[PDB]
Each structure stands twice: as C-alpha cells, then as structure tokens.
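Have a look at the structure below, then the notes.
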Amino acid sequence: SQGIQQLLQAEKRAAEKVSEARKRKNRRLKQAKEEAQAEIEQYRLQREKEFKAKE
Amino acid sequence: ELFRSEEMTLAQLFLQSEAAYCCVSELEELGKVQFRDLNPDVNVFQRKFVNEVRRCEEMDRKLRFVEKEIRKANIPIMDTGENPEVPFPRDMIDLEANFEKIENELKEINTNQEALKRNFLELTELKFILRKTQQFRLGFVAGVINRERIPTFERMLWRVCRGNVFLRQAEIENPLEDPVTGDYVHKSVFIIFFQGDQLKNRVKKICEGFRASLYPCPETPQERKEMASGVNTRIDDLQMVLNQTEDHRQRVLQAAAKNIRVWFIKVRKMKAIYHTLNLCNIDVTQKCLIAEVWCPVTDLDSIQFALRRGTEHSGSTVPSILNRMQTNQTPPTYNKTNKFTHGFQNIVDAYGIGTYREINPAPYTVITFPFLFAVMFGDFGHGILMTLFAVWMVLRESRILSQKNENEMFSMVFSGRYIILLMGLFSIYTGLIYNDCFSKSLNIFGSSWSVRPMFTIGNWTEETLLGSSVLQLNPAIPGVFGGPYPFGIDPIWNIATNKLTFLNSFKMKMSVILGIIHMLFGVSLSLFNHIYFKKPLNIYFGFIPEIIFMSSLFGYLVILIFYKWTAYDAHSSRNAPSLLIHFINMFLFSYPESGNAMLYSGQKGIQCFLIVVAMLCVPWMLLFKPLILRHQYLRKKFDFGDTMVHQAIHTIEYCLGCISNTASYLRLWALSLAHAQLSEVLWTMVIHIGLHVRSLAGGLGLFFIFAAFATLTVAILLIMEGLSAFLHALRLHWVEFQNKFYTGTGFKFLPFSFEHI
Amino acid sequence: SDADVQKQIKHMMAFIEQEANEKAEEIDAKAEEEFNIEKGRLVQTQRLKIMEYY
C-alpha cells in the first residue's frame, strides 16, 4: 500500500534528523572546555589588579 | 434484510501510535468491528506489547485471587454499573500495588482472625479446665478431649502408666465451635495425676494420640482461682480485639467487593486493547501503525467516528483515517437476533455458517422446523402438553432468568422456550386436522360414513344381515356414502379395524408430497442465491437444467396423485391403477402393455418425453457448466479437472440424490406411526383397565391408572419421541432442504468488543 | 477516497518530521545547559587555583 510506504520514508527521515541534531549539539558541547579559558584569564587579571592594589 | 447474510466491508486504518490505544478502545467500545491480522510473527515473547499484555494477564490472575478470597468470606461482589478504560500511561503500577495491598491485607486479616479466634477458644477451654481442676517430684496435667474418646483414653493411660493413673473428667456446659469448620463439638475437660517426667511423657503421648489438648495450670486451688481471674480478664480483652478485628475485616472485605467490579472492567479493557494492538504490522524504520478490519456496511462510518474520538481523547492531533479495500478476502458472516429468532438462528449456525450475502435459512426455519416437527408430533393431547410447558417457561421468564444456570438441561429447554412454543402450537394444529388426541378422535367433526339404514337400498344390503354375525366393510359406493367431506380426518377412522391401511395411505402420500414441495422450494431458494451473487452461468447451466430435471419427474408424480384423487372413486376401485408403479414405469420407460391400465390418454408418450427431457438435462450439469467455465478462464489470459469432479458429485446429488431424497421424507410417516401406536398401546393397556362397574373402585382405579399413563406418556412420547422428532425434523431441514441452497461454509462474525466483559 | 488518504498521509509525514525537529530543539535546550555546566566546572576549577595562589 502506497500510503504506509510514503510514511515509512518520512519516519526514516525523522529518525535521521533527530540523530543528526544530537551529533551537531555533541560537537558544540565538547567546545565548553575551550570557551571557558577567556573567563579564567579575566579572573587571573582581576586577582592580579587587586593584588597590586593590596601592595 | 434478514432473508440473507448482512452486508459488510474490509477497511485499512492508518493509526498514530499515541492515538492508537484510545482508537482501539473506542472501536472495542463500539463493538461492531473485527480485526484482520497483519503480524504472522505474533507469539507470547514476540507480540509487540509483551510486557503490557503479560502484566494484564498477571493482574487478571490477581483479580481472580482477590475475588475468590471475598467469595470464600460469602461477601457479595458489587456486580453493577460501568467504567472507562485506564489511560495509556503506566497507571497500571498503582493498580498492581492495589492488588498487592489487598492480597497482603487479606493474608494478614485471615491470620489475625484465626489467631484471635483460636486464642479466644484456647482461653475459653482454659476457663473450663481451671473451673473443674480447682476442685482438687509430683506432677499432673489437665486438658480437653471429645467425650466419646474417654473409655479408650483412660484404658490407654492405664496401659502406658501401667495400672496407675488418678484421673477425672466432665462434659463442658455447651459444645465449642471449630475455628476452621464452624462445627460445634461436645468436648469434655480432664485432669491426670502422677509422679516425675517419665509418666508426663506417657500421658502426653496418649493425649496427642487421641488428639486431646493439654494446658498449664497452678499447683493449688488459690493460685488456680487467681489464674481464672486472669483468664476472665484475657477473654474480655480477646473479645474486644476480636470485635475490632471483625470491624476491620468487614471494612477490608466490603471495600474490596466494591473495588473488584472497577478493577475487573479496567483489567479486561486493558488486556483486550493491548491484545488487539499486537495485530498491527511494524516495519524496521516504523513509528506509527497500520491495521485492517471488517465491519457492517451501516457502520464503516461509525468506526471512523470511533477513530476520531480516540484521537480527540488523546494529546495527538492525527485524525486516524481509513479506506475501503477492494482486493478483499471473504468477510465474516452475521444476522440480527431477538427472543424468538435467536433459537432458530442457533440451530442454523450449529449445522453451518453461510458465505457472504448467502440466503439465511433462519426466517424460513421459524415455520419450517415447527412444521416438520408438528407433522412428526401431531397428537392434539401432546400439542396441549407441549404448549402448557412452553407457556409456563414464557410466563415465568422474569423469575427463571434469576434462577440456577448450572442445570444445563433446564437452561437449554428454557433457552428453547419460544421455538418450543411454536412447534407445540403447530402440533395442536396438525393434531386437530389429523383428528388424534391420545389415539382418540374429537366428536366435533361430522360424518362422511354411512349409518346402517343406508345399506337397506338392495345394493350391498347383505351388510344389514351379516353385521349381526361377522365383520363387514363399507364399500363407500355412491348413494350409500355421504360424499365429499370438509373437516379433518373423519372420526370413524379411529374406531375402524382397517384404519391403519387408510391412515398410512394418507401419511405415506403426504410425506412424499411435502418432501417434493420442500425440494422445489430449495431449488427456488438456489435461484435467489444465484441471482444475489449475480452469476449468469450458475442460473443458466445450473438452476435451469436442475429445475427442469426435478420438475420433469416431480410434477408428473404429483399430477398423478392429484388426478387419482379427482378422476377415481369407490365404484372405480376394482382395477384402479397403482401410483408408485406408474412412477417407476415412467422412470424405466417400461409400461408393461398389460395388467394395470394407463391412467390417461397419450400417457406413454408423456412418460417417454418427461424422462428423456430429464436425462437430457444431466449432461448440462455434468459437463457443459465445467466446459463453459474452462473457456471463460482460458479466454481471460481454475482447474477443469477439480471442477469436473466437484460438479459431477454435486450433479449426482442434484439428480439421483434428489430421487432418493423423495424417499427420505418418508421419515415423517415413520415417526408419526411410531408416536401414534406407542400412544395407542399406552391407552390400550393402561387407561382402559381403570374403567369398572362400581363408583369407588372406578374413581380410585382411574386416578392411579391415569397417573401411571401420564408418567409413561411424558417419558416415552413428550421427552424421548419429542427429541427424536426434533432431530429428524432438523435432519430433513439441514439435509434434504438446506443442501439445495445453503452453502454453509464461512467464518462466524466474532467482533472485538468490550460487550464480552 | 484515496485523495483524502494521501492528504492525511502527507500530514502524518510532516507530523513525524516535526516531532523530530521538536526533539532536536529539546536536544538543543539540554546541550546548552550541559555546555554552561561543563564551561562553569572548568572556570570554577582554575578560578579556585587562581584565588588560592593570589
């Protein structure tokens, strides 16, 4: 029956599209340990400036 | 319309998997629908909903357990109202916890009732033991035993404690109730005295041997009195806790008796839905569902509305559409029923289930079965008895519907009550026209027969002299005879010695005529069946040569019978021809040119023409039907061999089988003669003996003789020959009527429904 | 007959792929929370070493 045959293709595409979204978002999730460093340097610079003020 | 199998269609359903549970629920609530299986891999561990169905099977086993425990307590189950299904989410977890709660609470409250009731009895026995024992190293025991065991008990004590036991006993002020069985037992207290533990072991072993119970008691009257005040306090505390335990038991059992109705409905609806969902097909990439169903043609829209409601009762938006299928397998078979027609349909379905749109035998059966039966059963006396029985069951209907069903015989005859009434009523009708009540006439009919003065006319007048000395025959000649007669059988034919010759001529010819008529109706129903299937070949090469074969034999046989009954009379009786001999001579093309005369002018030519035309019909049924069918399936580019074998066997039955079936209807006559003569002898050597020349002896004799007659008449005729005529009337009906037209091959309509809960 | 089936089949085909896109947006919402958590863990780890040093 051509009805369920067309639906089976959209169900396959739906199961692919959610899994592609998981893969793209997992690649962004792995970047979190790199994007963290610029904030860590600002905390270092803040404590350096405060330390110089205490000196 | 109910003369044929009701119209249906197969449909294909597109189902979203969240709507699907609610969709199936609404379809089973509607209950007009039967699913087609699309999952050949279905099995206990392979069915898509393994855990959900397995969990529903366990909840049904748990339901049966809690219901049985409430029924063991004699508490009535609620047995009223109706409820919705459980939602698709895992709310079954709380229902399983409710079954575990009721199971544990039932096991707990059984344990607590037994423990408190057992302790209450044990303390009551201890009260009676102390009351008697208060009247009295050293050692002693005291206890309780059934009073009838005492003589063997004291003898055995004196055997084991050789020649030396001081003891006493007394009966308790009332018998005591058994904690398990509720029996009341005439127990007696006893006390036994000795020295040392060696004798304690012997007396205790014998107490256990007689199933007696020992209890601890103090060494002095003063301490026994203090212990008795303790026991009185304990019995009142035990009674208080026993009353509280009964109040808690009543709460638990009555709460369960209410809940069991709701839980039965919920578990049955869930099991049904999940079982029906396993019939769906699921491919490797699939997330939605596809299914198919058969439904009545009137309700293919009703299933689509049930699907729409199933979606609307769910979070999913998909309306769940369907289409009407074209390349269909043969749909299931159904017809409507009511109080009267239900029994008549059951006796059809038990013999076979029609093909789709096939003629239904049941509407014709409503009369035809009662008619064949009443021809077999046509005694006016038994007609009254059968009517009174069936009327009693109909009048008491609303009472009998509340009574026991475990008597399957009583339930079966009550389920037959309306069909049994109609066959009984027709047995009055046939009994009146046959003019037989208990092998006696009704005097309401006039006389065709001749009074003695009619013989004085010189013609046969020796009757008037010979009748004073010897047996004599009425010749029925004109001027002597009363002429044509408008009533049933003349009353004279019950008292006459030759009656059975005349009455068998009637029942024999009647059985032939009715059988011929029913076969002619059966082929006429075959035409309607072939018209309803719209098949030209089945009519033209089937029905036409079939009815011409039948009519060319049967019409002549009936014409001859009716002609003799019009053209011949008493003065023509000498050298009158034989009907059966003319029929066989016709069939054989063999009038003997001698002896019995021809019945009418040109008859030899007519006989030859009729049998030749019948014999010319047979080849069309045998071969021309198969050959035209072969050319049709060869042009459309089916086996000719199998078709020829099937159609050959069918044609033999449609021809030579129908000749034999004319004789098969002689079962009518046969059963009627047996019934009549069984009744005759039961009169002749019972009722006749009760008549006597004195009032007291006659009245007493008649009472007992007729009571014996009634008992035998019921057992032999109303029960046993009743069942015989019932089955034979149906035999003729199922075979030598229905086999002409009812194909009786098909699936029973068994819709998936909550109405089976 | 078949045209209304084809319309509802097209709607069911769109519906299941729309459900996959809704699940991809749930994956996005989960992934940005987990990203902010893992970024925050490393920030606070070196920020603590920085605070202790100074």
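Chain labels follow the order of the structure tokens: the first chain is A, the next B, and so on; residue numbering restarts at 1 in every chain, and ligands are counted from 1 in their shown order.
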Would you write out, as a Markdown table, a table of all residues in chain C that have an atom no more than 8 Å from an atom of chain B, listing for each the closest atom pair and the distance in Å to one decimal, considering only C-alpha atoms and ordering rows by chain and rising residue number?
```
| residue | atom | partner | partner_atom | distance |
| --- | --- | --- | --- | --- |
| C:1 | CA | B:323 | CA | 6.6 |
| C:2 | CA | B:323 | CA | 7.3 |
| C:5 | CA | B:321 | CA | 6.7 |
| C:8 | CA | B:321 | CA | 7.2 |
| C:11 | CA | B:318 | CA | 8.0 |
| C:12 | CA | B:318 | CA | 6.9 |
```
Could you go through range 463-527 of chain B and tell me which residues DSSP, when run on the backbone, assigns to alpha helix (DSSP H), listing them as a PyMOL selection string? chain B and resi 463-466+492-495+499-527
Please produce a file of the residues just selected, as a JSON list (two decimals), in the first residue's frame, where the atoms kept are N, CA and C atoms.
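What landed in selection30.json:
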```
[["chain", "number", "residue", "atom", "x", "y", "z"],
["B", 463, "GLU", "N", -74.97, -56.49, 4.12],
["B", 463, "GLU", "CA", -74.34, -55.86, 5.28],
["B", 463, "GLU", "C", -75.29, -55.81, 6.48],
["B", 464, "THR", "N", -76.57, -55.51, 6.24],
["B", 464, "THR", "CA", -77.60, -55.37, 7.28],
["B", 464, "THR", "C", -77.93, -56.69, 7.98],
["B", 465, "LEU", "N", -77.60, -57.83, 7.37],
["B", 465, "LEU", "CA", -77.81, -59.18, 7.91],
["B", 465, "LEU", "C", -76.50, -59.76, 8.47],
["B", 466, "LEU", "N", -75.42, -59.69, 7.68],
["B", 466, "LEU", "CA", -74.10, -60.20, 8.04],
["B", 466, "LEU", "C", -73.50, -59.46, 9.24],
["B", 492, "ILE", "N", -64.59, -41.67, 12.36],
["B", 492, "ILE", "CA", -64.79, -43.11, 12.14],
["B", 492, "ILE", "C", -63.48, -43.88, 11.99],
["B", 493, "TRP", "N", -62.46, -43.25, 11.39],
["B", 493, "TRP", "CA", -61.17, -43.90, 11.16],
["B", 493, "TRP", "C", -60.33, -44.07, 12.43],
["B", 494, "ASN", "N", -60.81, -43.69, 13.62],
["B", 494, "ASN", "CA", -60.16, -44.14, 14.86],
["B", 494, "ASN", "C", -60.71, -45.47, 15.40],
["B", 495, "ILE", "N", -62.00, -45.75, 15.19],
["B", 495, "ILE", "CA", -62.65, -46.96, 15.71],
["B", 495, "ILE", "C", -62.58, -48.16, 14.73],
["B", 499, "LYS", "N", -58.33, -49.13, 9.81],
["B", 499, "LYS", "CA", -57.92, -47.72, 9.85],
["B", 499, "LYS", "C", -56.48, -47.48, 9.40],
["B", 500, "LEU", "N", -55.56, -48.33, 9.84],
["B", 500, "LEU", "CA", -54.14, -48.15, 9.59],
["B", 500, "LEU", "C", -53.82, -48.20, 8.09],
["B", 501, "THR", "N", -54.53, -48.99, 7.28],
["B", 501, "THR", "CA", -54.36, -49.01, 5.82],
["B", 501, "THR", "C", -54.69, -47.65, 5.20],
["B", 502, "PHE", "N", -55.85, -47.10, 5.54],
["B", 502, "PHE", "CA", -56.31, -45.80, 5.06],
["B", 502, "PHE", "C", -55.41, -44.66, 5.56],
["B", 503, "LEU", "N", -55.15, -44.63, 6.87],
["B", 503, "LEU", "CA", -54.32, -43.61, 7.52],
["B", 503, "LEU", "C", -52.86, -43.66, 7.06],
["B", 504, "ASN", "N", -52.29, -44.83, 6.79],
["B", 504, "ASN", "CA", -50.94, -44.94, 6.23],
["B", 504, "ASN", "C", -50.90, -44.50, 4.77],
["B", 505, "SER", "N", -51.92, -44.79, 3.96],
["B", 505, "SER", "CA", -52.01, -44.24, 2.60],
["B", 505, "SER", "C", -51.92, -42.71, 2.63],
["B", 506, "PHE", "N", -52.69, -42.07, 3.51],
["B", 506, "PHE", "CA", -52.58, -40.63, 3.76],
["B", 506, "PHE", "C", -51.16, -40.21, 4.19],
["B", 507, "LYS", "N", -50.62, -40.74, 5.29],
["B", 507, "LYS", "CA", -49.31, -40.29, 5.80],
["B", 507, "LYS", "C", -48.15, -40.57, 4.84],
["B", 508, "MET", "N", -48.18, -41.67, 4.10],
["B", 508, "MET", "CA", -47.20, -42.02, 3.07],
["B", 508, "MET", "C", -47.22, -41.01, 1.92],
["B", 509, "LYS", "N", -48.37, -40.84, 1.26],
["B", 509, "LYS", "CA", -48.52, -39.88, 0.16],
["B", 509, "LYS", "C", -48.24, -38.45, 0.62],
["B", 510, "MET", "N", -48.71, -38.07, 1.80],
["B", 510, "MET", "CA", -48.44, -36.76, 2.38],
["B", 510, "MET", "C", -46.94, -36.52, 2.57],
["B", 511, "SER", "N", -46.20, -37.49, 3.09],
["B", 511, "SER", "CA", -44.75, -37.36, 3.27],
["B", 511, "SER", "C", -44.02, -37.19, 1.94],
["B", 512, "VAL", "N", -44.43, -37.94, 0.91],
["B", 512, "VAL", "CA", -43.91, -37.75, -0.45],
["B", 512, "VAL", "C", -44.20, -36.33, -0.94],
["B", 513, "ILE", "N", -45.46, -35.88, -0.88],
["B", 513, "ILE", "CA", -45.87, -34.57, -1.39],
["B", 513, "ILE", "C", -45.11, -33.43, -0.68],
["B", 514, "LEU", "N", -45.08, -33.43, 0.65],
["B", 514, "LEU", "CA", -44.37, -32.38, 1.40],
["B", 514, "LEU", "C", -42.88, -32.37, 1.07],
["B", 515, "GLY", "N", -42.25, -33.54, 0.96],
["B", 515, "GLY", "CA", -40.84, -33.62, 0.58],
["B", 515, "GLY", "C", -40.56, -33.04, -0.80],
["B", 516, "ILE", "N", -41.40, -33.37, -1.78],
["B", 516, "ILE", "CA", -41.32, -32.82, -3.13],
["B", 516, "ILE", "C", -41.44, -31.29, -3.07],
["B", 517, "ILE", "N", -42.44, -30.78, -2.35],
["B", 517, "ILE", "CA", -42.66, -29.34, -2.20],
["B", 517, "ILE", "C", -41.43, -28.65, -1.58],
["B", 518, "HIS", "N", -40.87, -29.20, -0.50],
["B", 518, "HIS", "CA", -39.69, -28.62, 0.13],
["B", 518, "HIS", "C", -38.45, -28.67, -0.77],
["B", 519, "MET", "N", -38.24, -29.73, -1.57],
["B", 519, "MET", "CA", -37.15, -29.72, -2.56],
["B", 519, "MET", "C", -37.37, -28.68, -3.67],
["B", 520, "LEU", "N", -38.61, -28.50, -4.14],
["B", 520, "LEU", "CA", -38.96, -27.45, -5.10],
["B", 520, "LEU", "C", -38.76, -26.04, -4.51],
["B", 521, "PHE", "N", -39.06, -25.82, -3.23],
["B", 521, "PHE", "CA", -38.67, -24.58, -2.55],
["B", 521, "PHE", "C", -37.14, -24.45, -2.46],
["B", 522, "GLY", "N", -36.41, -25.52, -2.15],
["B", 522, "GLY", "CA", -34.95, -25.48, -2.03],
["B", 522, "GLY", "C", -34.25, -25.08, -3.32],
["B", 523, "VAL", "N", -34.67, -25.62, -4.47],
["B", 523, "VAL", "CA", -34.13, -25.17, -5.77],
["B", 523, "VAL", "C", -34.57, -23.74, -6.10],
["B", 524, "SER", "N", -35.77, -23.32, -5.69],
["B", 524, "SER", "CA", -36.20, -21.92, -5.85],
["B", 524, "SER", "C", -35.33, -20.96, -5.02],
["B", 525, "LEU", "N", -34.99, -21.33, -3.79],
["B", 525, "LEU", "CA", -34.01, -20.60, -2.99],
["B", 525, "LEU", "C", -32.62, -20.61, -3.65],
["B", 526, "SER", "N", -32.22, -21.69, -4.33],
["B", 526, "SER", "CA", -30.99, -21.70, -5.12],
["B", 526, "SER", "C", -30.99, -20.63, -6.22],
["B", 527, "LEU", "N", -32.11, -20.45, -6.93],
["B", 527, "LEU", "CA", -32.24, -19.36, -7.90],
["B", 527, "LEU", "C", -32.03, -17.99, -7.24]]
```
Kindly provide the residues of chain A that approach chain B to within 12 Å, each paired with its closest atom pair and their distance in Å to one decimal, based on only C-alpha atoms, listed by chain and increasing number, as a tab-separated table.
```
residue	atom	partner	partner_atom	distance
A:1	CA	B:12	CA	9.6
A:2	CA	B:14	CA	11.8
A:3	CA	B:14	CA	8.5
A:4	CA	B:290	CA	7.3
A:5	CA	B:286	CA	10.1
A:6	CA	B:286	CA	11.1
A:7	CA	B:286	CA	8.4
A:8	CA	B:286	CA	5.8
A:9	CA	B:285	CA	8.2
A:10	CA	B:286	CA	9.4
A:11	CA	B:286	CA	6.2
A:12	CA	B:285	CA	5.6
A:13	CA	B:285	CA	9.5
A:14	CA	B:287	CA	9.8
A:15	CA	B:285	CA	8.1
A:16	CA	B:285	CA	10.3
```
Write the residues you've just listed into a file as a CSV table (one decimal), in the first residue's frame, and include N, CA and C atoms for each of them.
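And here is the file that came out, result.csv:
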```csv
chain,number,residue,atom,x,y,z
A,1,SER,N,0.8,-1.2,0.0
A,1,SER,CA,0.0,0.0,0.0
A,1,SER,C,0.9,1.3,0.0
A,2,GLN,N,0.7,2.2,-1.0
A,2,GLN,CA,1.5,3.4,-1.2
A,2,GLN,C,1.4,4.4,0.0
A,3,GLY,N,0.3,4.4,0.8
A,3,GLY,CA,0.2,5.3,2.0
A,3,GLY,C,1.3,5.0,3.0
A,4,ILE,N,1.3,3.8,3.6
A,4,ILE,CA,2.4,3.4,4.6
A,4,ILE,C,3.8,3.4,4.0
A,5,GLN,N,4.0,3.1,2.7
A,5,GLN,CA,5.3,3.2,2.0
A,5,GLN,C,5.8,4.6,2.0
A,6,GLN,N,5.0,5.7,1.8
A,6,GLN,CA,5.5,7.1,1.9
A,6,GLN,C,5.7,7.5,3.4
A,7,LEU,N,4.9,7.0,4.3
A,7,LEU,CA,5.0,7.3,5.7
A,7,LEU,C,6.3,6.7,6.3
A,8,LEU,N,6.7,5.5,5.9
A,8,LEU,CA,7.9,4.8,6.3
A,8,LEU,C,9.2,5.6,5.9
A,9,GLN,N,9.1,6.3,4.7
A,9,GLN,CA,10.2,7.2,4.3
A,9,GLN,C,10.3,8.4,5.2
A,10,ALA,N,9.2,9.1,5.5
A,10,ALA,CA,9.2,10.3,6.4
A,10,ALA,C,9.6,9.9,7.9
A,11,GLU,N,9.2,8.7,8.4
A,11,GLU,CA,9.6,8.2,9.6
A,11,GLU,C,11.2,7.9,9.7
A,12,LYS,N,11.7,7.3,8.6
A,12,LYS,CA,13.2,7.2,8.4
A,12,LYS,C,13.9,8.5,8.5
A,13,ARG,N,13.4,9.5,7.7
A,13,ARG,CA,14.0,10.9,7.7
A,13,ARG,C,13.9,11.6,9.1
A,14,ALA,N,12.8,11.4,9.8
A,14,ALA,CA,12.6,11.9,11.2
A,14,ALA,C,13.6,11.3,12.1
A,15,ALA,N,13.8,10.0,12.1
A,15,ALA,CA,14.8,9.2,12.9
A,15,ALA,C,16.2,9.6,12.6
A,16,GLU,N,16.5,10.0,11.3
A,16,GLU,CA,17.8,10.6,10.9
A,16,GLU,C,18.0,12.0,11.5
```
Dump as a Markdown table the rows for residues of chain C within 6 Å of chain A: closest atom pair and distance in Å with one decimal, only C-alpha atoms counted, ordered by chain and rising residue number.
```
| residue | atom | partner | partner_atom | distance |
| --- | --- | --- | --- | --- |
| C:13 | CA | A:10 | CA | 5.1 |
| C:17 | CA | A:14 | CA | 4.5 |
| C:20 | CA | A:18 | CA | 5.1 |
| C:24 | CA | A:18 | CA | 5.3 |
| C:35 | CA | A:29 | CA | 5.0 |
| C:38 | CA | A:32 | CA | 5.9 |
| C:39 | CA | A:32 | CA | 4.6 |
| C:43 | CA | A:40 | CA | 5.6 |
| C:47 | CA | A:40 | CA | 6.0 |
```
Output C-alpha atoms of each residue in that selection to a file, as a PDB file, in the first residue's frame.
```pdb
ATOM      1  CA  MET C  13       4.694  12.541   7.223  1.00  0.00           C
ATOM      2  CA  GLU C  17       9.394  15.024  10.966  1.00  0.00           C
ATOM      3  CA  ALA C  20      11.894  15.031  15.233  1.00  0.00           C
ATOM      4  CA  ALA C  24      16.096  18.410  18.128  1.00  0.00           C
ATOM      5  CA  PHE C  35      27.629  23.289  27.840  1.00  0.00           C
ATOM      6  CA  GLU C  38      30.956  21.977  31.722  1.00  0.00           C
ATOM      7  CA  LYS C  39      32.237  25.537  30.962  1.00  0.00           C
ATOM      8  CA  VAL C  43      36.048  28.083  35.064  1.00  0.00           C
ATOM      9  CA  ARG C  47      39.393  30.229  39.284  1.00  0.00           C
TER      10      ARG C  47
END
```
Using only C-alpha atoms, which residues sit within 8 Å of residue 165 in chain B once same-chain residues fewer than 5 positions away are excluded, as a short mmCIF file (atom, residue, chain, number, x, y, z; two decimals) with C-alpha atoms, in the first residue's frame?
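Generated output (around38.cif):
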```
data_model
loop_
_atom_site.label_atom_id
_atom_site.label_comp_id
_atom_site.auth_asym_id
_atom_site.auth_seq_id
_atom_site.Cartn_x
_atom_site.Cartn_y
_atom_site.Cartn_z
CA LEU B 157 -3.48 -44.14 80.14
CA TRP B 158 -3.64 -47.22 82.47
CA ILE B 192 -4.46 -36.57 85.24
CA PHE B 193 -2.08 -37.06 88.26
CA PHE B 194 1.32 -38.87 88.57
#
```
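Straight-line separation from CA of residue 382 in chain B to CA of residue 685 in chain B: 18.8 Å.
Counting from CA of residue 44 in chain C, the distance to CA of residue 32 in chain C is 17.9 Å.
Computed from the coordinates, the CA of residue 238 in chain B to CA of residue 120 in chain B distance equals 5.9 Å.
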Do a neighbour search on residue 645 in chain B at 12 Å with only C-alpha atoms, toss out local chain neighbours closer than 4 positions, and write the hits as an NGL selection string. :B and (621-623 or 626 or 639-641 or 649-652)
Please list as an MDAnalysis selection string every residue within 8 Å of range 70-77 of chain B, counting only C-alpha atoms and excluding residues in the same chain fewer than 6 positions away. chainID B and resid 253:254 256:258 260:261
Fewer than 5 positions away in the same chain doesn't count, so skip those; otherwise give me all residues within 10 Å of residue 355 in chain B, counting only C-alpha atoms, as a ChimeraX atom specification. /B:4-5,330-334,360,742-748
Output of the above residues as a tab-separated table (two decimals), in the first residue's frame, restricted to C-alpha atoms:
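For reference, result.tsv as written:
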```tsv
chain	number	residue	atom	x	y	z
B	4	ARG	CA	-29.74	-13.01	3.63
B	5	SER	CA	-26.36	-12.61	5.37
B	330	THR	CA	-14.25	-13.15	2.10
B	331	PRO	CA	-15.71	-11.14	5.07
B	332	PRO	CA	-17.21	-12.70	8.28
B	333	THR	CA	-20.93	-13.77	8.40
B	334	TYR	CA	-23.71	-12.28	10.65
B	360	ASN	CA	-30.21	-17.17	5.60
B	742	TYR	CA	-27.35	-23.11	1.87
B	743	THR	CA	-23.57	-23.46	1.16
B	744	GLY	CA	-23.00	-23.20	4.96
B	745	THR	CA	-19.22	-22.50	4.63
B	746	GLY	CA	-17.76	-19.34	6.29
B	747	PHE	CA	-16.31	-17.54	9.36
B	748	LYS	CA	-18.70	-16.64	12.24
```
